[PDB]
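Q:
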Amino acid sequence: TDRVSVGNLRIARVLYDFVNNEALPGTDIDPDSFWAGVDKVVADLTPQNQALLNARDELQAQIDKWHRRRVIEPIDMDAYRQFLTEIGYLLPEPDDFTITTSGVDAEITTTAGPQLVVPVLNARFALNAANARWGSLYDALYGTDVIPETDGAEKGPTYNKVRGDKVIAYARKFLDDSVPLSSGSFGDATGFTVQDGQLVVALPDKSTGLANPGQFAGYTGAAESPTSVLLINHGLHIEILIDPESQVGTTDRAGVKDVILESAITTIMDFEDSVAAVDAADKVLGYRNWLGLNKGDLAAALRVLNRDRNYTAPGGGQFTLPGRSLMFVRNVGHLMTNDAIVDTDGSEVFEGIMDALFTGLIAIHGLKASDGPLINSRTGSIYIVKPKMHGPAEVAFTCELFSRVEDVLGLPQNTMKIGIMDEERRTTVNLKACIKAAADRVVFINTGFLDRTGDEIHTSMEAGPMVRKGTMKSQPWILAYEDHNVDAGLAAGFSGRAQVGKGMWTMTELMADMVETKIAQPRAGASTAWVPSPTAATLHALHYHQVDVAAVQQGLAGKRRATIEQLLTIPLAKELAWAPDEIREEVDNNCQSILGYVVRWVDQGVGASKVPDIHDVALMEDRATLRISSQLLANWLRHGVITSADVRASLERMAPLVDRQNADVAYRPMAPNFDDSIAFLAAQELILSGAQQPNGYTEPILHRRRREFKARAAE
Ligand SMILES: O=C(O)/C(O)=C/C(=O)c1ccc2ccccc2c1
Ligand SMILES: [Mg+2]
Ligand SMILES: [Mg+2]
């Protein structure tokens, strides 16, 4: 049946065909040697993979029981800390070291700027994401609420000159702030010229050059009347498009048509928490998109990947700039199996092992010429993000897996670099050892704060009721965790060598708020942080022109700003903390978020969705926010904050609101036949079984229920 026997493996035919016919040709890897490598790697590494997962359960069971046996008041932290040390949860911190990762591209070692995450299963989005290296500041300002729609500046079907003028003014001020003139303002410019390799800006009364002429990077067209002027600030490029004949430029005082920002410097093509992929068919769809990205020929009806950009040097020679975002791929973590391959006993193969083999194989195409130039890493690297690891031994195992894949693929050792997510507590409190375990492969650490919050709730599930979800962002543990991550990175030598990353902005319509708030991340020394869209990448790029991250990192060096005691501060709520109506709001809010995400997950296979919340804020939800919401409610049910009747009532009450919030044409209602809705029952199960899920992970239930929905839709 539908499977191909190779050693101990029974490969789903759709995957077998995909690899042989699409992924392997062009790599010089022998098909029989590849599949023999798969069989061998899977056989050799599956035992340690399973033992690691069992170690998680052993540790969690010990912590569960420890909390249940606590008599004394507030927790004795000294006792808690030595208990975590006794059981091997808290491990010794290694001696200071510097990472040795080599052959890494400048977009990662040096350039500070936005990092975009996109669901790899969506080809149109992945294409737009790869092309997001450059984006229009004007469109990002006009399209969003960064420019208020107040005083006659409202959007309409047709262009609004009042609004367009505010856009232009906003951009002119950005130029003044980023690439200052020697005297005067870009707002008063009437033209641009190059004279003796030097940019000259025409004002009404005089001319002027740059306060720092080094920021002039090039131009297009004739030096005497350029079609564009290219600036650089903090390593990020700014392009002023000069076109007096265009509509916008006809009204502009210097003919400027647009300001283009280097935006998404890197992009993470995601197989994990923003996608729903539960079998071989789903996995192949994403592998195929990843292949089209690396081969350079991905296309949708036609939209294609961009080629590099051509410029004239200030001195008159020619040069070129990367036109695409440098691509990472995020593999799944150590937990799940997938029946795309099963062994002779019918056991599913570990999906993380498969992702390393297949995404690594496909990535070879990005290292070589696309039928023009090489698509991705000019320095020879493959960039893999590995999520949800717990502790240094799990990092060491990921590195061993990459070493074995490199052997199968015939690649140099350490070709496969690792972006480490710091999004589980046992990685947080052992982060230095985790970095050291990958000292010759690591290209970033990143605080995956949403997963980290889920793991915070589950780990201390037995300790008592936790604070409400909105309170987590300001809890002591999470502030220490964010600072602890930057300290570890800089102390391991990340400045100039590897990104220090922070987390995702989820409120896709609140771009004014993002431009106001998200500047805190570069200000905290992060050389990158996550945005959900190309538009958001362009606006987040403003922050890197305001903040000199390299300076910030230099000033943070050698500091030790989080103690182990702060990292271990459990977000327990104080008693009597909430009125009944606050409890009710938190329950309704979490049930609505779960139902809104799960219904598109189970019914349509969408893993990241714009879901409005109880205050009608549009949130771009992924699986990690589902882990938080379900674990919180499970924690509140576990300690008697809420009853089973409250949960069921809230779910039933919020489900028709979700039914209505969708209406779209593919959508099917959950109300009123709740016991007939797989998606409703999945939502219920995520809550009522949440405390029994391993580390609170949602994939076991989501996968099972999505597969169930698939099986019913087929018959
Ligand atoms: O905080 C972590 O745990 C972390 O991993 C978060 C994400 O993965 C994430 C969150 C929101 C998204 C929205 C649109 C596309 C992708 C997304 C990815
Ligand atoms: Mg995560
Ligand atoms: Mg500066």
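Numbering (UniProt numbering), first residue to last: 2 to 302, 311 to 380, 383 to 674, 676 to 727. From the three backbone atoms N, C-alpha and C, an ideal C-beta is built for every residue, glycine too.
Does DSSP classify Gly192 as helix, strand or coil?
A: Numbered from 1 along the sequence shown, position 191 holds the residue referred to as residue 192. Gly192 falls in the strand class under three-state DSSP.
Q: Which ranges does the alpha helix (DSSP H) cover as unbroken runs of at least 4 residues, wholly within the stretch 76 to 123, from first to last along the chain?
A: 78 to 87 and 107 to 110
Q: Residues in the same chain with beta-carbon distance under 7 angstroms from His650, minus the five sequence neighbours each way, listed in chain order, please.
A: Sequence index remark: in the sequence shown, residue 650 carries index 639 (1-based). When the five nearest sequence neighbours on each side are left out, the beta carbons in the same chain lying within less than 7 angstroms of the beta carbon of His650 are those of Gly475 and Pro476, in order along the chain.
Q: Below 9 angstroms between beta carbons: does that hold for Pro667 and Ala691?
A: Along the sequence shown, read from residue 1 onward, the residue named residue 667 stands at position 656. Along the sequence shown, read from residue 1 onward, the residue named residue 691 stands at position 679. Not closer than 9 angstroms, so no.
Q: Three or more C-beta pairs under 8 angstroms: does that hold for the stretch 151 to 166 against the stretch 180 to 200?
A: no
Q: Using 8 angstroms as the cut-off, can you tell me whether the stretch 200 to 209 makes contact with the stretch 185 to 192, which would need three or more C-beta pairs spanning the two stretches below that distance?
A: The stretch 200 to 209, when compared against the stretch 185 to 192, does touch it at the 8 angstroms Cβ threshold.
Q: Give me the DSSP bridge partner(s) of residue 382.
A: As shown, the structure holds no coordinates for residue 382; the chain passes over it, running from 380 to 383.
Q: Am I right that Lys284 and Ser379 are in contact with their C-beta atoms under 8 angstroms? What's the rounded C-beta distance?
A: Residue numbering aside, residue 284 sits at position 283 when the sequence shown is read from its first letter. Residue numbering aside, residue 379 sits at position 370 when the sequence shown is read from its first letter. That belief does not hold up - the Cβ atoms of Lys284 and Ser379 are roughly 24 angstroms apart, past 8 angstroms.
Q: Identify the residues that DSSP records as bridge partners of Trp541: which are they?
A: Position 530 of the sequence shown, counting from 1, holds the residue named residue 541. Answer is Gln116.
Q: In chain order, what residues of the same chain have a beta carbon less than 6 angstroms from the beta carbon of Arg125, not counting five sequence neighbours either side?
A: For this step, residue 125 is matched to residue 124 along the sequence shown. Same-chain partners within the cutoff: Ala301.
Q: Rounded C-beta distance between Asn50 and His343? I'm assuming under 8 angstroms.
A: As a working mapping, residue 50 is identified with position 49 in the sequence shown. As a working mapping, residue 343 is identified with position 334 in the sequence shown. The Cβ separation is near 6 angstroms, so the contact holds.
Q: How many angstroms separate the CA atom of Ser604 from the CA atom of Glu632?
A: One-based indexing of the sequence shown puts residue 604 at position 593. One-based indexing of the sequence shown puts residue 632 at position 621. About 8 angstroms.
Q: Should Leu128 be listed as close to ligand 1, given that the test is whether its C-beta is under 8 angstroms from any heavy atom?
A: Reading the sequence shown from its first residue, position 127 is the one you call residue 128. No, since every heavy atom of ligand 1 falls outside the 8 angstroms radius drawn around the Cβ of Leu128.
Q: Would DSSP call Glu263 helix, strand or coil?
A: On the sequence shown, position 262 is the one that residue 263 refers to. If DSSP states are grouped into helix, strand and coil, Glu263 belongs with the strands.
Q: With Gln49 as the anchor, note down where its beta strand (DSSP E) starts and where it stops.
A: Residue 49 sits at position 48 when you count from the first residue of the sequence shown. Looking at the DSSP string, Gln49 is not in any beta strand (DSSP E); the run it does join, the alpha helix (DSSP H), is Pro32 to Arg69.
Q: Return yes when the Cβ of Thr519 is within less than 9 angstroms of the Cβ of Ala547, no when it is not.
A: Looking up residue 547 in the sequence shown gives position 536. Looking up residue 519 in the sequence shown gives position 508. Yes; because the gap between Cβ atoms is below 9 angstroms, this pair is in contact.
Q: Taking just the CA atoms, how far does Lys722 sit from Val358?
A: Along the sequence shown, read from residue 1 onward, the residue named residue 358 stands at position 349. Along the sequence shown, read from residue 1 onward, the residue named residue 722 stands at position 710. Those two C-alpha atoms are separated by around 20 angstroms.
Q: Within its chain, find whatever has a CB closer than 7 angstroms to the CB of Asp58; leave out the 5 residues flanking it on each side and keep chain order.
A: By 1-based counting over the sequence shown, the position of residue 58 is 57. Around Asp58, the same chain offers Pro706 as residues with beta carbons nearer than 7 angstroms, after the five sequence neighbours per side are excluded.
Q: Kindly identify the DSSP beta-bridge partner or partners of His238.
A: The residue given as residue 238 occupies position 237 in the sequence shown. DSSP output for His238 lists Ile233 as bridge partner(s).
Q: Opposite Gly297 in the DSSP bridges: which residues?
A: By one-based count along the sequence shown, residue 297 stands at place 296. DSSP lists no partner for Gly297.
Q: Would you call the CB atoms of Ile109 and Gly504 closer than 9 angstroms?
A: Residue 109 sits at position 108 when you count from the first residue of the sequence shown. Residue 504 sits at position 493 when you count from the first residue of the sequence shown. The answer is no: Cβ separation not under 9 angstroms.
Q: If we call anything under 9 angstroms between Cβ atoms a contact, is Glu240 one with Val260?
A: In the sequence shown, the residue the question calls residue 240 occupies position 239. In the sequence shown, the residue the question calls residue 260 occupies position 259. Pairing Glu240 with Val260 gives a Cβ-Cβ distance under 9 angstroms.
Q: What separation, rounded to the nearest whole angstrom, lies between the Cα atoms of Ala223 and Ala552?
A: The count along the sequence shown starts at 1 and reaches residue 223 at position 222. The count along the sequence shown starts at 1 and reaches residue 552 at position 541. For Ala223 and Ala552, the distance between alpha carbons rounds to 29 angstroms.
Q: Along the alpha helix (DSSP H) that carries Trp135, what are the first and last residues, could you check?
A: Position 134 of the sequence shown, counted from the first residue, corresponds to residue 135. No alpha helix (DSSP H) holds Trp135; the beta strand (DSSP E) holding it covers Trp135 to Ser137.
Q: Cβ-heavy atom distance between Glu632 and ligand 1 below 8 angstroms?
A: Counting from 1 along the sequence shown, the entry for residue 632 is found at position 621. Flag set: Cβ of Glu632 near ligand 1.
Q: Which of helix, strand or coil does DSSP assign to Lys397?
A: Taking the first residue of the sequence shown as 1, we reach residue 397 at position 386. Of the three classes helix, strand and coil, the one that applies to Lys397 here is strand, per DSSP.
Q: Once you ignore the five residues that flank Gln615 on each side, which residues in its own chain have a CB closer than 7 angstroms to its CB?
A: Within the sequence shown, residue 615 is the residue found at index 604, counting from 1. So the qualifying residues of the chain are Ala678.
Q: Between the alpha carbons of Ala282 and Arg634, how many angstroms are there, rounded?
A: Along the sequence shown, one-based indexing puts residue 282 at 281. Along the sequence shown, one-based indexing puts residue 634 at 623. The alpha-carbon atoms of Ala282 and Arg634 are separated by roughly 20 angstroms.
Q: Confirm the yes/no value for this check: CB of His235, any heavy atom of ligand 3, distance under 8 angstroms.
A: On the sequence shown, residue 235 is found 234 positions in, with the first residue counted as 1. At least one heavy atom of ligand 3 is nearer than 8 angstroms to the Cβ of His235, so yes.
Q: Based on Cα-Cα distance, which residue from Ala24, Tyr17 and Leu16 lies nearest to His374?
A: The residue given as residue 374 occupies position 365 in the sequence shown. Nearest C-alpha to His374: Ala24.
Q: If distances are taken between C-alpha atoms only, which option among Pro543, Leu643, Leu311 and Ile446 comes closest to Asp466?
A: In the sequence shown, counting from the first residue as 1, residue 466 sits at position 455. Ranking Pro543, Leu643, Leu311 and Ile446 by Cα distance to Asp466 puts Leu643 first.
Q: Using a threshold of 9 angstroms, state whether the C-beta atoms of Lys513 and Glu493 are closer than that.
A: Against the sequence shown, residue 513 aligns to sequence position 502. Against the sequence shown, residue 493 aligns to sequence position 482. Their beta carbons are under 9 angstroms apart, which means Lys513 touches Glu493 by this criterion.
Q: Taking the straight line between their C-alpha atoms, what separation do you get for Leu578 and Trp488?
A: In the sequence shown, the residue the question calls residue 578 occupies position 567. In the sequence shown, the residue the question calls residue 488 occupies position 477. Approximately 5 angstroms between the Cα atoms of the pair.
Q: Does the Cβ of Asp559 lie closer than 8 angstroms to at least one heavy atom of ligand 3?
A: By one-based count along the sequence shown, residue 559 stands at place 548. Answer for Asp559: yes, Cβ within range of ligand 3.
Q: First and last residue of the beta strand (DSSP E) that includes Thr221?
A: Taking the first residue of the sequence shown as position 1, residue 221 is located at position 220. Note, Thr221: beta strand (DSSP E), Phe217 to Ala223.
Q: So the candidates are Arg312, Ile594, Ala349 and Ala450; which of them puts its Cα closest to the Cα of residue 675?
A: Structure remark: the chain lacks residues between 674 and 676, so residue 675 is without coordinates.
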